[PDB]
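Scope of the values below: all heavy atoms of this structure, side chains included, with no hydrogens, waters or symmetry mates. Each chain gets a letter, A, B and so on, in the order its sequence line appears, and its residues count up from 1.
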Amino acid sequence: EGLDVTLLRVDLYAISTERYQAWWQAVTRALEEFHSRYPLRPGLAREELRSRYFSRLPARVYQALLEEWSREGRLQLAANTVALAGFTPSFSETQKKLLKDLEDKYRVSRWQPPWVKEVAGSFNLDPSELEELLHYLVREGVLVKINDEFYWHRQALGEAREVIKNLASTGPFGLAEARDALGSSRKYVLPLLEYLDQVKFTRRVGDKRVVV
RNA sequence: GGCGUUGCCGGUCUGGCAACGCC
Ligand SMILES: [Ca+2]
Ligand SMILES: [Ca+2]
Ligand SMILES: [Cl-]
Ligand SMILES: [Cl-]
Ligand SMILES: [Cl-]
Ligand SMILES: [Mg+2]
Ligand SMILES: [Mg+2]
Ligand SMILES: [Mg+2]
Ligand SMILES: [Mg+2]
Ligand SMILES: [Mg+2]
Ligand SMILES: [Mg+2]
Ligand SMILES: [Mg+2]
Ligand SMILES: [Mg+2]
Ligand SMILES: [Mg+2]
Ligand SMILES: [Mg+2]
Ligand code: NA
C-alpha cells in the first residue's frame, strides 16, 4: 500500500481494493477485541492502531484513512483514540452524566480551570471515582493533564498554543507577557508554560521562552 | 478479565508488573 482500485483523497491515492478491504478487515478485529476487553476505555489509541497495522504507510495518508471511515459512519474518532460506530462505554447512567458535566466544567472554565480538589467537592465524588472519570477523559483526549491539580480542556489548550505562537512570533517572551496575552493570571499561566516545556512545544532559556 | 489503590520498575506515562479492594 499504495501508490499516488480504491482511490483516496489526501494528492490522489490508489490502493488496490484488494488490500483496502484487508486494511478495514483488521481494523474491525482490533477494535472489537479492544472494546470487548476495555468496556470502560474510550477506544484504541491512534498511534497504537497505526504502529500495529499501518507503520508501512505515511502519517498523512493514515489520517485520511481514518477520516474517510468516520465519514462513512464506520468509526467514531476522538482527539486521540478510535472506536467503532455504536460503541458505548458501560458506565452507569449517573457516570455518563458526570462525563458530560466534567467535560463542560473544564470547557467553560477554559484558561482558568478549577483544581481537582474543587471538582471533587463540587461533584461530591470519591477521589477514586473521580480518578476513573478523569482518566477516561484523558485517554480519550478531551482533557490534558497540566500538573497534579490542573487539567485543561483540549480546546482551551489548543487555543492557548495559538496565543503562544502569536506571542513568540515577535521574539522570546516572559511569563508576565504570556499572562497578558491570555488575559489570565500567574497562578494559571506558570503551570501552563511548565507543561508546554515538558512536551517540548516551548523551550525555556533564563527568564524567557521561545516556541521550538 | 476490567476498574481503583498502594508498592516496585522503566525518565514519565493516553505506561508495565505484583499485592490488595470493589466489579
Ligand atoms: Ca467513544
Ligand atoms: Ca467523551
Ligand atoms: Cl487528533
Ligand atoms: Cl492538545
Ligand atoms: Cl504546532
Ligand atoms: Mg493497552
Ligand atoms: Mg485561539
Ligand atoms: Mg520548565
Ligand atoms: Mg511540568
Ligand atoms: Mg490491561
Ligand atoms: Mg500511586
Ligand atoms: Mg518507586
Ligand atoms: Mg530493581
Ligand atoms: Mg492505568
Ligand atoms: Mg488473596
Ligand atoms: Na470486562
For this session: Identify, via the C1'-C2'-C3'-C4' dihedral, which side the sugar of B/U14 sits on: north or south.
Result: south
Exercise. Which of residues 74-93 of chain A have a heavy atom under 4.0 Å from RNA chain B?
Worked result: A/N80
Problem set entry | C1' atoms of B/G21 and B/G11, separation to the nearest Å | 30 Å
Exercise. Are A/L133 and A/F91 side-chain neighbours, meaning at least one heavy-atom pair lies under 4.5 Å?
Worked result: yes
For this session: Please work out which residues in residues 123-133 of chain A have a non-hydrogen atom less than 4.0 Å from an atom of RNA chain B and list them by number.
Result: A/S128, A/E131, A/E132
Exercise. Do the side-chain N or O atoms of A/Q95 get closer than 4.0 angstrom to the phosphate oxygens (OP1, OP2) of B/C3?
Worked result: no
Output one line per pair: protein atom, nucleotide atom from nucleotides 8-10 of chain B, and distance, for all N/O pairs under 3.5 Å.
none

Exercise. Got a sec, which residues hit side-chain hydrogen bond (donor to acceptor under 3.5 Å, both in side chains) with A/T81, two or more places apart in sequence or on another chain?
Worked result: none
Exercise. Going by heavy atoms in the side chains, are A/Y20 and A/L65 under 4.5 Å from each other?
Worked result: yes
For this session: First locate atom CZ of A/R50, then atom CG of A/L57, and finally report the distance between them rounded to the nearest 0.5 Å.
Result: 8.5 Å
Seminar exercise, completed: For A/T88 and A/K96 the tightest heavy-atom approach is CG2-NZ, 3.9 Å
Problem set entry | Minimum-distance pair of heavy atoms, taken over all atoms of A/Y13 and A/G2 | OH-N, 3.3 Å
For this session: Tell me which residues in residues 144-164 of chain A put a heavy atom below 4.0 Å from RNA chain B, sorted by number, or none.
Result: none
Exercise. What distance do A/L102 atom CG and A/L125 atom CG have between them, rounded to the nearest 0.5 Å?
Worked result: 7.5 Å
Exercise. Which pairs, with at least one residue in residues 159-194 of chain A and sequence neighbours excluded, count as a ring-ring contact (aromatic ring centres under 6.0 Å, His included)?
Worked result: A/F150-A/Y188
Below 3.5 Å between N/O atoms, which protein atoms pair up with nucleotides 17-23 of chain B? Just atom names and distances, please.
none

Problem set entry | Phosphate-side-chain proximity, A/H135 and B/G15, N/O vs OP1/OP2 below 4.0 Å | yes
Problem set entry | Distance between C1' atoms of B/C22 and B/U12 (Å, rounded) | 28 Å
Validation: residues 105-113 of chain A side-chain donor-acceptor distances under 3.5 Å, sequence neighbours left out:
residue : atom : partner : partner atom : Å
A/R107  : NH1  : A/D104  : OD1          : 2.8
A/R107  : NH2  : A/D104  : OD1          : 2.7
A/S109  : OG   : A/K105  : O            : 3.0
A/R110  : NE   : A/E159  : OE1          : 2.9
A/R110  : NH2  : A/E159  : OE1          : 2.6
A/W111  : NE1  : A/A156  : O            : 2.9
A/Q112  : NE2  : A/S184  : OG           : 3.0

Exercise. In terms of heavy-atom contacts, does NZ of A/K187 have more than 12 from other residues, nucleotides or ligands at under 6.0 Å?
Worked result: yes
For residues 32-44 of chain A, run the donor-acceptor check on the side chains, cut-off 3.5 Å, and write out each pair with its distance to 0.1 Å, sequence neighbours left out.
residue : atom : partner : partner atom : Å
A/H35   : ND1  : A/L31   : O            : 3.1

Problem set entry | Secondary-structure notation, RNA chain B, from Watson-Crick and G-U pairs under 3.5 angstrom (| other strand) | ((((((((((..).)))))))))
Problem set entry | Beyond-backbone contact of A/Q198 with A/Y195, side-chain heavy atoms, under 4.5 angstrom | no
For this session: Give a yes or no answer on whether the side chain of A/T170 reaches the backbone of A/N166 with a donor-acceptor pair at less than 3.5 Å.
Result: no
For this session: Determine the Euclidean distance between corresponding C1' atoms of B/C13 and B/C9; express it in Å to zero decimal places.
Result: 13 Å
Problem set entry | Rounded distance (Å) that lies between atom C1' of B/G11 and atom CG of A/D197 | 17 Å
Seminar exercise, completed: residues 122-134 of chain A vs side chain to side chain donor-acceptor pair (under 3.5 Å), sequence neighbours excluded, gives A/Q95-A/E129
Exercise. Is it true that the neighbouring bases B/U14 and B/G15 have six-membered rings whose centres sit under 5.5 Å apart and whose planes meet at under 30°?
Worked result: no
For this session: Could you check if a side-chain atom of A/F201 sits within less than 4.5 angstrom of a side-chain atom of A/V212, using non-hydrogen atoms only?
Result: no
Seminar exercise, completed: Quick note, B/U12: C1'-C2'-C3'-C4' sign places the sugar (positive north, negative south) south
Exercise. Between atom CZ of A/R154 and atom CG of A/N80, what is the distance when rounded to the nearest 0.5 Å?
Worked result: 6.5 Å
Seminar exercise, completed: Contact check, residues 32-47 of chain A vs RNA chain B, heavy-atom distance under 4.0 Å, returns A/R37, A/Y38, A/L40, A/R41, A/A45
Exercise. Within the side chain of A/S70, is there an N or O that forms a donor-acceptor pair under 3.5 Å with the backbone of A/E67?
Worked result: no
Problem set entry | A/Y62 side chain vs A/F54 backbone, donor-acceptor pair below 3.5 Å | no
Exercise. How about A/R204 and A/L193: do any of their side-chain heavy atoms sit closer than 4.5 Å?
Worked result: no
Exercise. Are side-chain heavy atoms of A/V27 and A/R74 found at a separation under 4.5 Å?
Worked result: no
For this session: Rounded to whole angstrom, note down the P distance from B/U14 over to B/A19.
Result: 25 Å
Seminar exercise, completed: B/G11: by the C1'-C2'-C3'-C4' sign convention (positive north, negative south), the sugar is south
Seminar exercise, completed: Output for pair (A/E194 CD, A/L196 CG), nearest 0.5 Å, gives 10.5 Å
